[PDB]
């Protein structure tokens, strides 16, 4: 008797603002197994003045991951998640008009002054639920059109990043709700495009693809790619929303990120679109099964990094272990800076900027290095603690635990700090969060798992949860 072979699976593509990964996951003895099979950089380029996404490189890496996936697994589907807000414009013959612009592009700096002239910001808030930010898709489209109206007439379709890569693979247009709710074009109540806002900003609805929900089977990968007719599935296409899939669905649970997309929030059954929620800086995005991911952006673990790269330029390079020791040791109570209100510019030196801010707004001393690190760490921790206190007031509920999702292998100590200042259990072990949520969505769609029912029992089996509790000092 001659022996034969291979294993059924689902391919998750997780594109981030700085790096991308391809992760395979499959059922193996009714347990979820997940193998990372490709990882890469996502280096932006400057194109005709604008910061832009290298789309030809990204698509190349997606195809290289699928060929690698087909090599070791039977792939039943692929499913792509990305960062929010950015989009590509497709002309009338189905070609990319230009390279998608990076959310950090200076085109939107100053843009809210023009929006304020055409609508009160709270009204826009009450129709879309998003905290009003310059990077939001609406204002990006507003600038892009304003900067070159004649150019802009050539757009036939506007594709958010996941829809762009989905279009490139399949030829077909769809925008899934989770990415649509980062745009300031989408109504979290009806969970579809907001025609009132479209009317106001004079954008024809035809420009936007049809709204779909997660699990939608869009189409198969085009025959000319040579990869086979693999179904492409619309997953929770915004990376944040895929990560929230894997958070337990228990009453008193919050989630937190300190990387990339730093935030704190909770899943709600329906949006909060009050002046309170508006004035308090909260956003209503949409996630799996139409839930509201109700959340407040914070500024994340990045000012630490920048103060590190600023200590390298002074020939004193610290490791996080150095930083932990340095901060853990400095036991005084130092000033607390309102990190949210800081305006530290793009290519400044962080040591000097922070020294300066402190001198202007608190007091003066030759701040030793551990002390600037302590102040920075305590201030970001306090930003999160205040964020939760508003979250509790607005939601009429007190919560008990906080799952760490997203970026922050570097953040482990920041997590224990979060526990110290908030009084809540902090759980970690969810660094695969996004890929898990991406994968299960596809497994349900191809019928490997029954529903969220089983999916929860399968994720919880998979996760190795570790708790942090408030320590004195």
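Numbering follows the first chain given and starts at 1.
S.K.: Would you mind comparing 61-69 and 402-410 for me and telling me which has the higher average C-alpha temperature factor in the entry?
M.R.: Result: 402-410.
S.K.: Taking the recorded C-alpha temperature factors, which stretch has the higher mean, 106-114 or 298-306?
M.R.: Higher mean C-alpha B-factor: 298-306.
S.K.: Among the choices 238, 220, 314, 386, identify the one whose CA B-factor in the record is greatest.
M.R.: That would be 314, according to the entry.
S.K.: Name the third of the chain's ranked CA B-factors that contains residue 424, choosing lowest, middle or highest.
M.R.: For residue 424, whose C-alpha B-factor we compare with every modelled residue in the chain, the answer is the lowest third.
S.K.: Test of reading the entry: by CA B factor among the chain's modelled residues, which third contains residue 10?
M.R.: Answer is middle: the recorded C-alpha B-factor places it there.
S.K.: Quick check for you: using the entry's CA B-factors within this chain, is residue 431 in the lowest, middle or highest third?
M.R.: Highest third - that is where residue 431 ends up once the chain's C-alpha B-factors are sorted.
S.K.: How does the C-alpha B factor of residue 94 compare with the rest of the chain: lowest, middle or highest third?
M.R.: Answer is middle: the recorded C-alpha B-factor places it there.
S.K.: According to the PDB entry, is the CA B factor of residue 335 in the bottom, middle or top third of its chain, that is, lowest, middle or highest?
M.R.: Its C-alpha B-factor, which the entry lists for residue 335, ranks in the highest third among residues of this chain.
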